[PDB]
Amino acid sequence: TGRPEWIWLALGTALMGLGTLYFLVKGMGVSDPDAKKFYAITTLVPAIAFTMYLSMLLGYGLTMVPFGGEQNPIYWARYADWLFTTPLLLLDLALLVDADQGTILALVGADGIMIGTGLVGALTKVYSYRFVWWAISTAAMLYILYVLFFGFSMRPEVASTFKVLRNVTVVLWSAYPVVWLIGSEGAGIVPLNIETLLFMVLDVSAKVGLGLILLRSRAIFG
Amino acid sequence: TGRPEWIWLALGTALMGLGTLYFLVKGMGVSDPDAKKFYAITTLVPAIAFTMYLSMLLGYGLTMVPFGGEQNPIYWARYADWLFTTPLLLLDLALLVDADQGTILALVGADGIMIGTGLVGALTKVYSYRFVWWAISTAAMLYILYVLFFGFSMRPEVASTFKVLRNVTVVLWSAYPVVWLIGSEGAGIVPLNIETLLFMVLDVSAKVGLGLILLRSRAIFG
Amino acid sequence: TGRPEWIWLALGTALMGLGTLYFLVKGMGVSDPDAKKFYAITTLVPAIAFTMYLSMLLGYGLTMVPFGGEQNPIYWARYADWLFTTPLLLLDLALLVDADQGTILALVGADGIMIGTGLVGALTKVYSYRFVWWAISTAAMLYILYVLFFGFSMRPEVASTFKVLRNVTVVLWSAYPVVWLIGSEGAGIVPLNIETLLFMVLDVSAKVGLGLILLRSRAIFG
Ligand SMILES: CC(C)CCCCCCCCCCCC[C@H](C)CCCCCCCC(C)C
Ligand SMILES: CC(C)CCCCCCCCCCCC[C@H](C)CCCCCCCC(C)C
Ligand SMILES: CC(C)CCCCCCCCCCCC[C@H](C)CCCCCCCC(C)C
Ligand SMILES: *C/C=C(C)/C=C/C=C(C)/C=C/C1=C(C)CCCC1(C)C
Ligand SMILES: *C/C=C(C)/C=C/C=C(C)/C=C/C1=C(C)CCCC1(C)C
Ligand SMILES: *C/C=C(C)/C=C/C=C(C)/C=C/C1=C(C)CCCC1(C)C
């Protein structure tokens, strides 16, 4: 449309749609109960992202936020996506290593705090306070990355695949707070169309790329 | 009130209230842990519906949506109801057949997508796009109905009762997308007062009728 | 600020922050899987409350509701807090006594109804109807208190600690509907600044005080 960022929302829509169908077809035939879990979780993630990319594309998931005395376009639908997809991504890792339920609840809950405070920050009209919410959200993210690194007799296959996905996760997830900070939600150093591109690349890698690694491994089978 | 559809919201309120109290009293005394689950799930469903029918009745769960250059009355509270009650209904079926957790997560997640895209469609102001959301939601529903039919050594009692509830579910749930399509949320072929009547009949059958079948069966006991 | 109630939102923010860090440090080293669950649940509760107290403090979690022909300040963020923290509090009790899953689902669901109808009541613009929502919410609360009292061979340690926390819970939770009723959300008999103080004291006792009792007991260890 007249929104320069439309092309990246269109491409992301397409790529999440296509990954969803690919993982769907792939999980056809799986009867192993353990594998079943990894396919459900991993197929759902880009399915949800597909819907929220399309809602941004059609303009539904966009709102105007007054701050710095301007009307700032804020894509709120990203937070509806992440609210569900990031705990699912953490569940994939947690199941792989057979984490204790107490640790899974710590992780999902920290995650909810991360996304919910990011959303409040995105919609806050007092500019300086936006970054207070950014910092609390970032602290939640560092708690999560900590646990993925220092909170975990797995069969070798499990440990191998987990080490790769854990390294993927730390690198990609750590980039999101930076893009927000420099982008239209934060300091406004990078235009919205470039921000939208950055988040598209991170999202497709974190969802489809990550699932391609996981669903190709024997680590998911009993 | 001055809303011709009030009578059906009043009747639905009453019928969901009464079913909730009936199942409540009925589950008094049950000590079988397995039966306990079916009573909790099955009592909660019309309890939630009761509150959302009352919110429509009192006018709280109604908003105006501009589309086709008019102010269209949209009852959004239905989606708050269904967001919780339809996965619970699916949990009743899934527990009956002892489904794998991976399959339960596929089902609840597809369901969330179904209701959430229906809600976006209901609130979208660009008329043609309303039906794009309708179609994606419908695809999620067909995924769910598929799984209930081709994704499932149960004791005979389980298989019997499941076959009846599965047939009830496919027939009733399949009607909802049609009522939406022909009603005030969609093409506007049927007036709001008749739409509201249709949804009342489906809801009371899908919640109270369905629970009456289930809670009468020995299939729910270990 | 210019809001007389700010001081109590500031103190609550601080006290929830401090309890969160205290329980965090305390749970460092715990390896017992059962203890792990109680620490996760119990640390998360004031973590969430911290964020919602801060959102009230900064003004984000406040909205104006027209009723009785005035503009009534309503802190909606309390309901976002309670929606997650009160089922977690109930999960702490339920795990302690090893409740059946059917009973846990009854409890969490009744709780969701309690908070969600309280939220509708808080935002309803027709004054008399506010108290209809109050009454339904109160009925949900009485269902919950009933179950905590008449729905439950635990080792003595479990029974002891549970009896104390159950008595704490009944007394504190029962006060919330009274404060709402007499406060700015209800009859407007008590000013907002005094209401905010009352809820701060209840919240810090129900979250941090309650967790201090629980996390000090051996009841949480296998
Ligand atoms: C059959 C397999 C290989 C998957 C193909 C399904 C299609 C959709 C996504 C698959 C590709 C993505 C690889 C994961 C990692 C990346 C860093 C993706 C970032 C996007 C950049 C655009 C490059 C081209 C693409 C169209 C994939
Ligand atoms: C004790 C038993 C039989 C239950 C009675 C509790 C009351 C509430 C609901 C029970 C009746 C509903 C039967 C399920 C199926 C239906 C198709 C219901 C659709 C509604 C149509 C109105 C007909 C009359 C009613 C008042 C039940
Ligand atoms: C190390 C221990 C004792 C905990 C201290 C951590 C700090 C935060 C909360 C701890 C104190 C609260 C006790 C629980 C019960 C109460 C009734 C609290 C209500 C608040 C009243 C204010 C009194 C002083 C306070 C600053 C704690
Ligand atoms: C599918 C997408 C994923 C994996 C997205 C992850 C998003 C985050 C890790 C976002 C984190 C943020 C913060 C740490 C700071 C505040 C802003 C956020 C929400 C972008
Ligand atoms: C208690 C009520 C139940 C069982 C309701 C079920 C509702 C659905 C199956 C609704 C489905 C819809 C679609 C498939 C298309 C878009 C519109 C919806 C949300 C009505
Ligand atoms: C951390 C805070 C807790 C334990 C809060 C509990 C809040 C309740 C028990 C609130 C109950 C209410 C009703 C019973 C009636 C309507 C108003 C409410 C929501 C305050």
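Definitions and limits used
- Residues numbered from 1 in each chain as written, not as in the entry; some residues may be left out.
- Chains lettered and ligands numbered in written order.
- Heavy atoms only, no water.
- Contact = heavy atoms within 4.5 Å.
- Buried area = accessible area lost by both parts, 1.4 Å probe.
- Salt bridge = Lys/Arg side-chain N within 4 Å of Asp/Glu carboxyl O.
- Polar contact = N/O pair within 3.5 Å; in protein donor to acceptor, adjacent residues only side chain to side chain.
- Helix = DSSP H or I, 4+ residues; strand = E, 2+ residues; numbered from the N terminus.
- Nonpolar A, V, L, I, M, F, W, Y, C, P; charged D, E, K, R; others polar.
- Least-squares fit on C-alpha atoms.
- Axes fitted to C-alpha atoms, helices over the stretch in contact; angles between N-to-C directions.
- Parallel < 35°, antiparallel > 145°, perpendicular 65-115°, else oblique.
- Left-handed = near helix turned anticlockwise from the far one by under 90°.
- UniProt positions renumbered as here; feature names shortened; annotations may be inferred.
- Buried < 20%, exposed > 50% of the residue type's maximum accessible area, 1.4 Å probe, protein only.
- Near = heavy atom within 4 Å.
- Areas by Shrake-Rupley, 256 points an atom, 1.4 Å probe, with all protein chains shown as cover.

As recorded in the PDB header, X-ray crystallography is the method behind this entry, and the stated resolution is 1.86 Å.

Engineer: Can you help me understand the interface of chain B and chain A in this one?
Structural biologist: Reports of interface size often rely on the accessible area that becomes lost once the parts have come together. Counting residues at the interface gives 18 residues for chain B, matched by 17 residues for chain A. The junction of chain B with chain A conceals about 1300 Å² of combined surface from both sides, 82% of it contributed by carbon and sulfur atoms. In this assembly, chain B and chain A are joined by 1 salt bridge. Where chain B touches chain A, the interface holds 1 residue pair in polar contact. With 11 residues, helix 4 (residues 101-123) of chain B is the largest single contributor of residues to the side of chain B that touches chain A. Looking at the side of chain B that touches chain A residue by residue, the classes come out as 11 nonpolar, 6 polar and 1 charged.

Engineer: Could you clarify how one ought to interpret the relation of the copies chain B and chain A in this entry?
Structural biologist: Between the two copies of this chain, the relationship is a rotation about some axis together with a displacement along it. Mapping chain B onto chain A calls for a rotation angle of 120° and an axial translation of 0.0 Å; the resulting RMSD is 0.0 Å. Seen this way, the second copy is the image of the first under a three-fold rotation axis.

Engineer: Quick question: what am I supposed to make of the interface of chain C and chain A here?
Structural biologist: Taken together, the 17 residues of chain C in the interface contact 18 residues of chain A. With both chains or domains summed, chain C and chain A bury close to 1300 Å², and 82% of this area falls on carbon and sulfur atoms. The largest share of the area that chain C buries against chain A comes from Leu-44, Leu-58 and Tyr-60 of chain C, three residues that together contribute 40% of it. The interface formed by chain C and chain A contains 1 salt bridge.

Engineer: What's the story with the packing of helix 3 (residues 77-96) of chain B against helix 4 of chain B in this structure? I'm lost.
Structural biologist: Any two packed helices are characterised by the angle at which their axes cross and by the distance between the axes. Residue and element names in this part refer to chain B. At a closest axis distance of 9 Å, the pairing of helix 3 and helix 4 adopts a crossing angle of 160°. With respect to helix 4, the element helix 3 is oriented roughly antiparallel. Here helix 3 runs over helix 4; the crossing is right-handed. In this structure, helix 3 uses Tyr-79, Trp-82, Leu-83, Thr-86, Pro-87, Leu-90, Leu-91 and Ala-94 to contact helix 4, whose residues at the interface are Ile-104, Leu-107, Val-108, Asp-111, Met-114, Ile-115, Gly-118, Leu-119 and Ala-122. By residue class, the composition of the contact of helix 3 with helix 4 is 14 nonpolar, 2 polar and 1 charged.

Engineer: Would you mind going over the UniProt feature "transmembrane region" in chain A with me for this structure?
Structural biologist: Residues and elements named next belong to chain A. UniProt's feature table lists "transmembrane region" at residues 6-25, 40-58, 76-92, 104-123, 131-150, 164-182 and 195-214, given in the numbering used throughout. Along residues 76-92 the backbone is 94% helical and 0% strand, and the end-to-end C-alpha distance reaches 25 Å. Here residues 131-150 is 100% helix and 0% strand, with 28 Å between the C-alpha atoms at its ends.

Engineer: Got a minute to help me understand unusual backbone geometry in this structure?
Structural biologist: Negative phi is the rule for most residues except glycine; trans is the rule for most peptide bonds. Positioned with a positive phi, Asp-98 of chain B is a non-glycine residue whose angle comes to about 65°. On the basis of relative accessible area, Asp-98 of chain B is assigned to the exposed category, the value being 64%.

Engineer: Whenever I open this one, the side chain of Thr-161 of chain A confuses me. Can you help?
Structural biologist: Residue and element names in this part refer to chain A. Among the structural elements, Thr-161 can be located in helix 6 (residues 156-182). For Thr-161, a relative accessible area of 11% puts it in the buried group. Apart from residues lying up to four places away in sequence, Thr-161 is in contact with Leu-96, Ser-217 and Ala-219.

Engineer: Would you mind going over the site of ligand 5 with me for this structure?
Structural biologist: All names here are of chain B. Lining the immediate environment of ligand 5, one finds 16 residues, of which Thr-86, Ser-137, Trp-173, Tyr-176 and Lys-207 sit closest. Across the complex, the protein chains shield 100% of the 530 Å² of accessible surface that ligand 5 would expose by itself. Elements represented by at least two residues in the shell around ligand 5 include exactly helix 3, helix 5 (127-150), helix 6 (156-182) and helix 7 (192-216). Its residues placed into classes, the shell around ligand 5 shows 10 nonpolar, 4 polar and 2 charged.

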